[PDB]
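Peer 1: Can you keep this structure in mind? I'll have questions shortly.
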Amino acid sequence: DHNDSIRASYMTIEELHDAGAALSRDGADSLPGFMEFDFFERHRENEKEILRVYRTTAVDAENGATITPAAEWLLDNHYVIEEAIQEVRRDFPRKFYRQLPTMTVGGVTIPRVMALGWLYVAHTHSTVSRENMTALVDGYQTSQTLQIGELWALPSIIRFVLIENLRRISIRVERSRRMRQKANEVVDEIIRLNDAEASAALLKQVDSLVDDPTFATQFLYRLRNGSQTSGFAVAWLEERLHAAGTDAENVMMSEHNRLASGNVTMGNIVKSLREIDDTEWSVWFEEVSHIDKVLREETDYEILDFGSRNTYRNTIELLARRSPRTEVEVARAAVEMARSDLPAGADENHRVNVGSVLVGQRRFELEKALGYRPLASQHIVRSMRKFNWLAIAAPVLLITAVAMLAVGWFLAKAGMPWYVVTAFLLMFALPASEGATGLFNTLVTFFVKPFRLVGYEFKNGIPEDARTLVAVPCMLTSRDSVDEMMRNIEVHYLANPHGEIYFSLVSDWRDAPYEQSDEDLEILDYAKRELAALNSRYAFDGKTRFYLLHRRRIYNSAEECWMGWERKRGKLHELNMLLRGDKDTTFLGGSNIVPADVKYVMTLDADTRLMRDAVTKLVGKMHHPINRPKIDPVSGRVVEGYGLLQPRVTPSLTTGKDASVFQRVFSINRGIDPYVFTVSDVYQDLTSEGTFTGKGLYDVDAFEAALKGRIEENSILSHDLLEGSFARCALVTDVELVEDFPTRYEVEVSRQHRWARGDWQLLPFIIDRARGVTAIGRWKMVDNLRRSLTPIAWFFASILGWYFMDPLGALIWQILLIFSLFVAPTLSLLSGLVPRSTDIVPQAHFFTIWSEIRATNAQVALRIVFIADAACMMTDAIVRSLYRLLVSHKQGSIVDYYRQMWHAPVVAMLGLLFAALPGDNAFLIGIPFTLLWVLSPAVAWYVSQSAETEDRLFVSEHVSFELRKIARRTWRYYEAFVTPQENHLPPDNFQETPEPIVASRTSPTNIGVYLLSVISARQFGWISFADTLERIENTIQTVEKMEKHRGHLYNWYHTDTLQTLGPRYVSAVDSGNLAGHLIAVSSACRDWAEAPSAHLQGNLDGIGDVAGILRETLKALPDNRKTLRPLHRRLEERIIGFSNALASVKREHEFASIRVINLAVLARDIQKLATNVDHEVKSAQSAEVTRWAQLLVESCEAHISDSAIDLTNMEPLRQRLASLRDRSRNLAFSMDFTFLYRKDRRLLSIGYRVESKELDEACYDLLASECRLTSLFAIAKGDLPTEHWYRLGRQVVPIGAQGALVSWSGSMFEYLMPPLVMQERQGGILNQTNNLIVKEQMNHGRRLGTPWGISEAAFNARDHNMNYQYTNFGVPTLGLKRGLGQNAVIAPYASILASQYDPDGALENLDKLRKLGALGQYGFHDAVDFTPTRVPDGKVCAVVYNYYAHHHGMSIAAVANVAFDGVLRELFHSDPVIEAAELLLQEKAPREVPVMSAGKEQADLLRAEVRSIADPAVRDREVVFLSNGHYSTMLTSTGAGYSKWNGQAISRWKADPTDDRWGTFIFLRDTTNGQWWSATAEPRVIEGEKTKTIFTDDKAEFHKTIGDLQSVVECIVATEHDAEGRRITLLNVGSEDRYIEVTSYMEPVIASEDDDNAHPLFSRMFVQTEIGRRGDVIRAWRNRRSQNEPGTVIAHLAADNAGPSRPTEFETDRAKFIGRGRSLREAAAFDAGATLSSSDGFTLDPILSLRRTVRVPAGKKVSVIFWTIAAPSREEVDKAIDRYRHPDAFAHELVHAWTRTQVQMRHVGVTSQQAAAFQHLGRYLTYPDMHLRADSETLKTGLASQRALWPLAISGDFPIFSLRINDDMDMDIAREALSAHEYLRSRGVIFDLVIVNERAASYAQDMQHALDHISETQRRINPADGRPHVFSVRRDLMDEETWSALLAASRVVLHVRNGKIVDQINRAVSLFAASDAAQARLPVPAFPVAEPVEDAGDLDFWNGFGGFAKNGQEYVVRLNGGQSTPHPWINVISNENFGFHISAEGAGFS
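For the sequence shown, the residue numbers in PDB author numbering are 20 to 909, 925 to 1528, 1536 to 1962, 1964 to 2012, 2020 to 2095.
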């Protein structure tokens, strides 16, 4: 527990309290870690070291090194750390750190908060929790107070301490890992040298790094528990550790802690950082602060909204800092003075208004009373405010004047006789004035902070006494816009439903010379009925929320005719009268009802869209007593308070589906910016009075009085500024109203004309000082006038400039004028670029400058080219507005624009002609400007054209045609796999290769996407109207019958029973997706029912698409039969004629219904011809032509059926549609998202579990996901607060020159799922993220080379019950997951999804994919796998044969959005609930995003292991195990091995390490030459033989090269037939024919191994072999002895190939094959004769051998495949022999072998490298080569017998793999050992896994409990395996002798601490690798044959071999060399207790 971290044990609670209390009174002393440092340098060093060891661990670990669990928390979770590095150093500027009071512990000046935070982390082991923090805080505050600003800094200080701790721990663990690998290397070098002469030198070298305990810990574990061990180095280490008093057990125990403490502390640090990032530090500060204990009582502080409370605290803190008073007493004094204020209020009867003293009107009084010293900034701001409007006028005037003098002095060198001076100065003033205004605005916004109002927080809605109504002024000069205006009203209501707010409506029927023609009464009645329906639909607790008001129109004069006393101003004034009680109004009876009193009225407009809860903030700000108007009785000008509140207006991104080039030029800022809260304004921060623009809340009484007392008449459009002047308006700049902008230039001209008219109708208000006008109002009017006169001023200045002087140096003057206009925007551009004078150093925040530079250049260009037109319009406007009130008079093309304006070109030509004649030196500068000015109409037309945003894509016609054909091809899935079998629901997927099986499960997502696809299909024109209604009704009825839990569904379901598969798990994602799709369905049904009169004819393009698909299907027909192509060309001409007929129908516009009959006739003809073709051609591809013809004629019939609607009695269908819409909407809204809401960390739960009724554990925290759609729906429904949307996501990864979003496993099913329903506009973050990720996916695809489109899909990997599995994928750049760059799987549907942003590239990618095998019947397949570990043989790709349902749904929906201009996005957004929250998306991207930390792509993909062995004879033996579960075999590198079948063996084999020449073999003898050799590399091997063995999975391929004749063999076990296949392949290169013959040899036995090795004579006797007809197969079995023998007949099949028929020979007698005295190396069957006399029957020595002489040509190859079949019954091999007698038969088996071995390796959690390691372990386990066993001294003093049976271990059929476990935090090596045991059991290796525990009696009980729990998965009774061979012994329970016996008796012993499995086995092979090389190539010395034997005398019975030596006392046997007796003639020579017998030629036994 030491490490280098900060450990101070536990403290729990009630000890932290008094700990902090002691720290406050008598603290200091010391701290656990802690040292003298500087904050900033230490933080930078922390970041540097953490980056160092993050990159080090990244470049390691993946290299194949074991990684500690402590380092996992640093690799897998690094992003939380990277934001934790920020915030700190972002929340601590230099000036703020120096404000914290210092504590000075131990002579080190440390701020008090730092020390208080050091104790919290130390005493809690870096575990942060809210309650412990509160306990520590209040315990510390028992005596000493914490100032505001300190109490804010605790979370950041805690983050700093945590990151310091993590840095220390990470450095230590990295160093320990490096020391561990150094120790491994050093001890390996020691063990590699046997001599002790160099070991001492190496230890002396390493002595510098032995003191550290992380080094000697592995050294001892690798030397004490090893194979060759030590005894010189161990003694040296023991001596060193015993010196200096350390011993060795102390170091042994130290690593049990430290390491575990490191892991625990890293985990705690990660959890605490996450928790600090999770909780909200507003309620915590509200509760733990003492200053809020003062204000939460006795004053209205607890309900003032967060911003106002924060401003109060800031003012209090500022007062306390710059004054001799502290915070508590200053708050007390403020409370006392506010009390002394006396309430004097209606509602303000209780509590205390403390606001009128901090930010109110009496702030200066307390400020002066308390001795506050103001800042210089405050002094200058107060002075400027005191100088009223002069403070804004003086600097602008001074800047203009200095511009005048500069330009006058620099340009007075050419005549200019004192009169040109005045004209040029006055004309240049206006651009100079704009420049001065921009400069002043920039200075003010850079220096003066913005000003915020104070208001209530109506958390329960707007109360009584604050009743408001929203009165949108509207017009009724329309027919069907009433529905639109109503919809606007529901949206406005849904923006904030809670409260006492009403939504009225005021209307009029434009102007008319008459009074009332009684012609719009029907319009009025329709509107009233609609509004009555609206009130009935929305009325809770008996409240009428909607009202309609109308005005009767009164004659005033001409022009306006009859529109009442005045315009909209008169309407508002009449409304003000009628609200307060006035009966003699000008309104209509029946529409003059208003909600009683109503105190505040909001105006709003038709297109201005409100934000959520945007009016409650304004009502509160107006209602608060500080902001209430007072109305001076001296004059009605509203001295203090405010009369009107005008919120700021934010332009929207795009105007729905219209986004002109004009929009992206004259509105630079677009969309909402969530980061900014207030915007600095120049007028409001200095004069405290803004401008009213006609939209904003106002008090009724004050406004009514101040306006009825002042204005007489003459108000048209300039009124708003006038009311803002008489009353006192204000800009809140906190609540914002999103407004649209006109895309065309026609509207802007009208708007500018109206503004000019208004501004120029108010001249006497400025000229006259009488009447009533505020001082600031006049200046505002003058500013408006100068801004209006700028264009004409620029015009006149330019024309007179190039006319009067006409000089040669007018270029400098012109560029000066252009420079002014360029400069004016650039100040605002640069205002947000300065980093506050380089205070701190952030991360790579990008630049993003070129974009707005180009935008400003375009803006200046459009301005400079429209000056002429704008000036002319402004001239006519000014002269009109002057002649009035002075004289008191009272869609198109370029040609359309040119005839409309027609003034700019003619005026420019007039000026150019007038100024071209005089001077003759200004044409060079006059020509270009006039040239651009006359080409004005073209620019206006170009900018008025609507561009492509995201829907209106330029897809031409062929691309959309191909996409529609793909969609129609993939809709076959829904056409086929949806049946009315109580199903009406799509199945999940569909297998087709392992026999087509259809799934029976369905999720809500599948239902939603299927319904959306049905709507899209009806939109395309594929099915009739009745079919769509039937399908939707059936699906909705089935869904209503479905089981539900508070509205939601249970994720998985059954398709036939409608029951749940497993636990009823409610999923948040699926419910949200289904509800979002149901809303779109309801909207579609509404749209279809609102007009079922023209929505029936259809598109008549589905019939075109199916015809095109048929034409494309026809081309895939190899029509080359005897008839050539008569019918093919006939049907081709028929189909082209049909397409011509359809086109002829289509160009016709009347849509005659009789032509569809002709189309149907042609369809019938084509179908008949296709059927005729199919009757004679039975190809499997022509069925597709048949099906597509049938579908074509179904489409024709469907359109005919649609064309037969009566269209008179359309009522029943309308009723059905209305009921269906209502049911869909109710089903969607019934879902309740309340209980899933986690009100502790916000967010949402993953789902709900009906068992034990608990929420899930994780949450969703990323913006780019489907949780985006779910959260949007939940927010719109109103079941979550708005802040949840802003809480999640928003992370940026820089790709290219910009940055996209960030997602878990950044695939595309989650970036592009929501845009199927949701709308994304041009300027938002989401669409640019989509474009960037499409580009990045393209980059990934091209860098890998394979086609792009990575996403979630089924990859090529099956299992038990083969179903291809299913998992997530993505790109490594956008993923935040380790493992995304190792798969590289491509899914076709991702390309279709990506077509909504780039259809061309998607089509090209799909065309590339179609050239592969990735297009089945039901559209595209699911995925194509490119990972080399999951790709067979030499194939390059790997297609997956699946058809997932929602994948096809997404494909169809995306194609529908692309082709039909995004209909689905418009359906979802037409619902008022969704339209209310649509404005939430926006989110203008901030252009300052921080950048996160970072042929390798093709190398990171997973690669298989292929073990290649150069020369098997002279290298260590390697084996491979191949089995199909029942037939298990082994093959060594030299070719030896055995074969087993259900335990009992087949081929005789013995484990002889030196000989190793057992098993089956293939011998090749040349006939002409006579030399014979082996196809393997062991029995014969002759000179040459560049041999090579390649072991892998499946196959064991043996190579050989003998003198220009190659011969490669392949040995594989078959599938589902229990056979083993050996294939030989002879390659000839030279130009000659070789005549060789292939021999097979295998000795059979059918017994359970032990019975075979016991008495070989029984086994060899009881075997009958025979051969039957067609003699290429030999059958053998055992004769029936007892009724308990399985029998198990076997056979050996020759299975020839590549040649004619030749006779073969067989031999089943080993006496006549080996030869009675020889061995297999020198067998007698390969002599120069005696060729296999073919003895058969009950041979006493049975073998199986087959020989076929082949003839290899010169250059070609032959092949012979020997099969070894084993079957239970005799009649079963015939079903296997005939399956293998056929030719080929080796392909089509290979693929099953690969699939089954991959399934086996997947069913157990093993990897190919783990498979290789486990096969090495099996090699060490079966053969008696013991190189991983115990030490020599550990085996000499151990290995007793009659033991290991007390541990209930048989130890008879048990090699016993032990595994000593003494670590107890890893517990992972045990799982690897168990998995290896299971895998080797599956492969046919039997052994025991003894897990020895070596602990004391402290944690042994828990260790054995956990071991039993983790091993019970295989300790249970396994059928036919009988107790499974898994053990867990206890060292403490058994004595020492049994433990020693167990450790000595285990063949292979591995310790668990000193290495890891598959890392110790692989390292043991390298250390035991590397003289026997010259004896391998000599072959053998032929054979010996002597010349008989001479039959001499002196022998009685002289046979051919020997006879008696007379007297019968001896038997002399005489032999030559090499000869032998027929059998061993032995002689037993024994005694009572010993004996031996010796043969005649030499032997021995004893």
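We treat Cβ as the ideally placed atom computed from N, Cα and C, and that holds for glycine.
Exposed or buried, what is residue 114 when buried is set at 16 or more other beta-carbons lying within 10 Å of its beta-carbon?
Peer 2: Flag for residue 114 reads exposed.
Peer 1: Counting only the same chain and skipping the five closest in sequence on each side, list residues whose C-beta sits under 7 Å from that of residue 1553.
Peer 2: These residues qualify, in order along the chain: 1574, 1575, 1618, 1628, 1630.
Peer 1: Which class does residue 915 belong to by DSSP, given the choice of helix, strand or coil?
Peer 2: What the structure lacks is residue 915: the chain is numbered 909, then 925, with the residues between left out.
Peer 1: Which full runs of the beta strand (DSSP E) of 3+ residues lie inside the segment 1446-1492, going along the chain?
Peer 2: Whole beta strand (DSSP E) segments, 3+ residues: 1457-1459.
Peer 1: Where does residue 1804 fall in DSSP's three states?
Peer 2: Of the three classes helix, strand and coil, the one that applies to residue 1804 here is strand, per DSSP.
Peer 1: Compare the beta carbon distance of residue 1603 and residue 1614 with 7 Å and say whether it is the shorter of the two.
Peer 2: Result no, Cβ atoms of residue 1603 and residue 1614 do not sit closer than 7 Å.
Peer 1: Between residue 1487 and the rest of its own chain, which residues show a CB-CB distance below 8 Å, the 5 nearest in sequence each way excluded?
Peer 2: Closer than 8 Å at Cβ, skipping near neighbours: 1043, 1046, 1047, 1050, 1350, 1498.
Peer 1: Between the Cα of residue 2097 and those of 1183, 30, 1087, spot the shortest distance and give me the residue it belongs to.
Peer 2: The shown model of the chain, from 20 to 2095, leaves out residue 2097, and the question about it has no answer.
Peer 1: Suppose the cutoff is 7 Å on Cβ atoms and the five residues either side in sequence are ignored; what does the same chain contact list for residue 1016 look like?
Peer 2: Cβ within range, chain order: 1090.
Peer 1: I need the boundaries of the alpha helix (DSSP H) containing residue 1781, first residue and last residue.
Peer 2: Neither: residue 1781 is in no alpha helix (DSSP H) and is coded neither H nor E.
Peer 1: Could you tell me if residue 1013 is buried or exposed, where buried requires 16 or more neighbouring beta carbons within 10 angstroms of its beta carbon?
Peer 2: Residue 1013 is exposed by the Cβ-count criterion.
Peer 1: Going by CA-CA distance only, name the one from 2072, 564, 1972, 1929 that's closest to residue 1937.
Peer 2: The option with the nearest alpha carbon to residue 1937 is 1972.
Peer 1: So, for residue 1147: in the same chain, excluding its five sequence neighbours on each side, which residues have a beta-carbon less than 6 Å away from its beta-carbon?
Peer 2: Closer than 6 Å at the Cβ level, and outside the excluded window around residue 1147, lie 1218, 1219, 1222.
Peer 1: Can you check DSSP and say which residues form a bridge with residue 2053?
Peer 2: DSSP output for residue 2053 lists 2060 as bridge partner(s).
Peer 1: Determine the direct distance from the alpha carbon of residue 983 to that of residue 674, and round the result to whole angstroms.
Peer 2: Those two C-alpha atoms are separated by around 10 Å.
Peer 1: Ignore the nearest five residues each way along the sequence and tell me which others in residue 941's own chain have a CB closer than 7 Å to its CB.
Peer 2: Cβ neighbours of residue 941 beyond the five flanking positions: 887, 891.
Peer 1: Would you be able to state if there are at least three C-beta pairs under 8 Å between the segment 32-48 and the segment 144-159?
Peer 2: Verdict: yes, contact present.
Peer 1: Is DSSP giving residue 587 helix, strand or coil here?
Peer 2: Residue 587: helix per DSSP, three-state reduction.
Peer 1: Is it the case that the Cβ atoms of residue 1506 and residue 509 are separated by a distance below 7 Å?
Peer 2: Cβ distance < 7 Å, so residue 1506 and residue 509 count as in contact.
Peer 1: From residue 1647 to residue 1797, what distance separates their C-alpha atoms?
Peer 2: Those two C-alpha atoms are separated by around 11 Å.
Peer 1: Cα separation between residue 122 and residue 876?
Peer 2: C-alpha separation (whole angstroms): 56 Å.
Peer 1: Please report the straight-line C-alpha distance between residue 1032 and residue 1355, rounded to a whole angstrom.
Peer 2: Going by the C-alpha atoms only, they are around 40 Å apart.
Peer 1: Rounding to the nearest angstrom, what Cα-Cα distance links residue 1320 and residue 1266 in this structure?
Peer 2: The straight-line gap from Cα to Cα measures roughly 21 Å.
Peer 1: Taking the beta carbon of residue 1404 as the centre, do at least 16 other beta carbons fall within 10 Å, making it buried, or is it exposed?
Peer 2: Label assigned to residue 1404: buried.
Peer 1: Kindly indicate which residue of 528, 36, 476, 667 has the alpha-carbon position closest to the one of residue 640.
Peer 2: Of the candidates 528, 36, 476, 667, the one whose C-alpha sits nearest the C-alpha of residue 640 is 476.
Peer 1: What residue range does the alpha helix (DSSP H) around residue 2045 cover?
Peer 2: First-last for residue 2045: undefined, no H or E at that position.
Peer 1: On the criterion of 16 or more Cβ atoms from any shown chain inside 10 Å, does residue 365 qualify as buried, or is it exposed?
Peer 2: Exposed: under 16 other Cβ atoms inside 10 Å.
Peer 1: From the DSSP output, which residues share a beta bridge with residue 1738?
Peer 2: Its beta-bridge partners are 1800.
Peer 1: If we require 3 or more residues per run, which beta strand (DSSP E) segments fall completely within the segment 1642-1706?
Peer 2: Runs of the beta strand (DSSP E) inside the segment 1642-1706: 1646-1654, 1660-1669, 1677-1682, 1685-1688.
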